[PDB]
Each structure stands twice: as structure tokens, then as C-alpha cells.
């Protein structure tokens, strides 16, 4: 929906249109007058060998009128130029920049609407206004070539009018060239900005100035690690090359608005082996999953007498060689986009900024509502804000470092926070996908707060959560049955590794698991998911000459 500021921009853009139209009218009038004066001047010489000299008076009066129209025109153009100069800034440095920011957020799973139609409509409108304005200025020039005098306002102001309009257009064209769709592997739609060597990836650029005359006219060339893989920047980085179709003609294909776009599919990266530089120097100058690269797009436009060089680039990209590097790669992308709006800080991880728990907790939620049906409840969130910060109340402004989030392992484990969570999110797909679904799982709750269940709810009531001390990821639950039941001693079962969920689904385990107490007594799974919901309404849904004895496996704990 349209904000107030966007209402205003739209209004200004129409005011600009109107002034251009008023000027056009004024040019038509001044030119007809100039034609009339030109004709009368000649007719008067056809006899310059009766009191027929009010014509001389007519001739002088027309001339005076022309001068006045010319001053008026030149004065209005200057005014229009200044207005354009003010508004173009609102358009490019504010609205478009807000769009660039929201693209960052959308990449990391945030609230989308990275729609370019409005911007394209604004940008195109202004561009049309500017070209028509340039043509008026050019007309003033040809009018002067036919009729001029001492003090002619066209001779004194036109050059500056040209310069200003060329500068506005030249700059609007450059801002209008953007990356509509960041480098991403079709196999990992939720993981843009992470490229694996050898695997195909696509990316798309757009030119927000919707000029049909330019259809199929521009050739866009893409490359990675342009020039900066030399001097006056980072050092020790791996360097890469793009394989596949390197260039692409921009066109208004695929219908939808008929926007000028250029899409590159089947692109591939390969490491550029050989050469030298250094490579070492303190922690090898950034681990591979913290090194950042830029994919650059370039072309040139020749239009109505002008040559304009256009260049744009993707957001920093992490390049990996194997998929096992994806989790850390993603953490770098999360962190970068979560905390900076700088679109080309390739050195970002030299000294990474610190985040607040607020910003990190939002990001973590998105990572769930991406791959799945829904995010994270505070019951899951807060009891994870603890995992990183232990005891405490209200984490609002609590700082979280890159080290704490991903670069280093958690307090007493051999793996990092993010990698552990990424493994959950993974697992909660390949298996238990459907089962995670809407709200059937607690997932993140400390044994202490986990005690506040059977300790307050009736025997049978269970709760669902993840393996908190395993790298690859696992899932479990709660129940009370053993010995003589002192005061209901809460229990859990050894985590099921990915392989363990290939045999039976988690809700198949919940709805089909007894307990072999002592001997022969094979009791049962416990009723009522946490509040008071009997297991069935929630889990009973994801369940399902001759012969040979048809079979099915079950585990069931044997003490």
C-alpha cells in the first residue's frame, strides 16, 4: 500500500509531467511566432529598394515578443531542472534504496514485496519527462541558429540547460540498472547468495527505464571478482571465473509489463587456479565461508546522441566447493544482511559488527517460516535465547557476537549455535516435515521448564522437542512409566539420527510405541499432547499358491 511519501513523489512526478507539457505548448507558440517574424521580415525586404511601415512596427513588436517568450522559456526550464534534481534524489537515494534494503531482508527470509513495478513506473515517467525536456532545449538551440541578437537568452543559458539535463538523465539511467534477482542456485531457493562451484545458478538484471526503442539493443556482460581481484583491496582471497553464457541480450520477453530485463541461467563458477600473492597471514585471512565476492553486470547504452556506461553488482556472495559448507555459508549471508545496508563490503568479516538479540531472534524465525509452514513461538524462542545467554530475564538489548552465533562452538559443545539450528531446520523437512507443521511441537525448551508439565498436568501428557546435544540433529518427547513411580519421574528416549526416521515417522512413533516394563508387560505411548489434547486428533492423521508374511518394524524400549 502507498505511503504518504509515495503519494507525494507521485504528485511531484505529475507536476513535472505537466510542466513539460506546458513548456511544449510554449515552444509551439514561440516557433509559430518565429516563423511569422521570419516570413514578415522577408516580405518586407521584397520591397526594400505609401505609409506601409506599421509593418516595421509589427516586425519589431514580434521580435520583442520572441525575446520575452524565450526568457520565459529559459527561466521555466531552469526551474523544471531544479525540481527534477530534487525529486530524482527522492526517487533514487530514498525509495529505490528502501527497495534495495527490503531485497536484502527478503533474501534472508523476511517480509517480501520487493516489487519493482512502482519504481519502474516512476523512473520511466521521469526519464520520458527528461528526454522531452532535452528535445525542447535542443529546439531552442536550432531556433537560435535562425534568429539571434545581442542579449539573446538562448545563447546565455542553453549550454547550462543541456549540461544539467544530460547529467540528470545520465544519472537516472545508471540508478535504473539493478539486480532484480540475486545469484541463487535453483536447487537451493531459500539460499540465495551462496554458490557452489560447478553447480548452476541464475541471476537477473533489470533496467527500470522502460524504453521500447531499446528492446534487444543492449548486451549485458556478467563476471565475478572484476578488477578488485588485483590491487587497492582485499588480499589472499580465492579468485573465480564464470562459465556458461557470459553475455545476454536485454529484452522485454516473458510478457509481464514488458520490462527490460536480462536473465542469465546455467551459470557456473570455477576456481581460477595458479598465480600467487600471499594466501596466508592471520587465520589465512578469512575462512572460505567468510570470504565475499561480487558478481558484476555491465553494458553500454547509446541513445539519442549519448553514450552511457551502466554497471551494477549483486550482493556479496559466498563461494563454496562442497554442500557441507552451506550451513556456515548461510550464517555469513544472514549476518551480513541482518546488520548492514552497504551492498559491497567484501571485507565485512575482517571485523564483523555485533547484533542485538531482537534482530537475531527475528532472523531465526524467518529461517523456519521459509523452509516450513510457520516460524517460532516465544516458548521456543526465549528458551533458545537462554541457550546462547543462559539465565536472565528480558533479553531485548542483549548483544550477540558473530563468534557466539556461528564462528565458534557453543560453551561445552564441539559445534556452533547456527550449525546446530540449521541441522534442526533441515531434519524438520526430509523427515517430520508434515509433522512439524503448524503448532504441534514445542521444540525448544530446557529440561527445567520442561519439568513444568507432568509436574502440573496429569500422567500421560507429553511434549515434543529437539536433540540439544547432537550435531546432525534429532527429536524427542516426554512421559512417565518405570519402577513404582515415586512422584512421576519425567523421561525421554535416545535421539533418532537421520537414519532412524527413515524407518518410521516421528508421529508414527508417538502413535505406536509401548514400553516393555520388567518382562512381557508392553504398556503404551502416553495420551494428551502438552495442554490436554489426546494423541490421535493431532498425530493420528500422519499415520497409515500364496503368500509371503507382510511386515512392519517397531522399536519399543526393552529394559
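Residue numbers count along the first chain shown, from 1.
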Gap between residue 544 and residue 545, counted in deposited residues with no coordinates, falls in the class 10 or more
Missing residues of the deposited chain between residue 49 and residue 50 number 4 to 9
Going by the entry, of stretches 519 to 527 and 51 to 59 the one with greater average Cα B-factor is 519 to 527
Of 64 to 72 and 37 to 45, the stretch with the higher mean C-alpha B-factor in the deposited entry is 37 to 45
Of the residues 484, 172, 433, 262, the one whose Cα carries the largest B-factor in the deposited record is 484
Per the deposited B-factor column, the C-alpha that peaks among 219, 188, 449, 407 belongs to 449
So, residue 423's CA B-factor, relative to its chain, sits in which third? The middle
Here the Cα B-factor of residue 379, set against its chain, lands in the third termed highest
Entry-reported C-alpha B-factor of residue 102 relative to its chain, by third, is lowest
Quick tally, chain-level thirds of C-alpha B-factors: residue 348 sits in the lowest
For residue 368, the third of its chain by CA B-factor is the middle
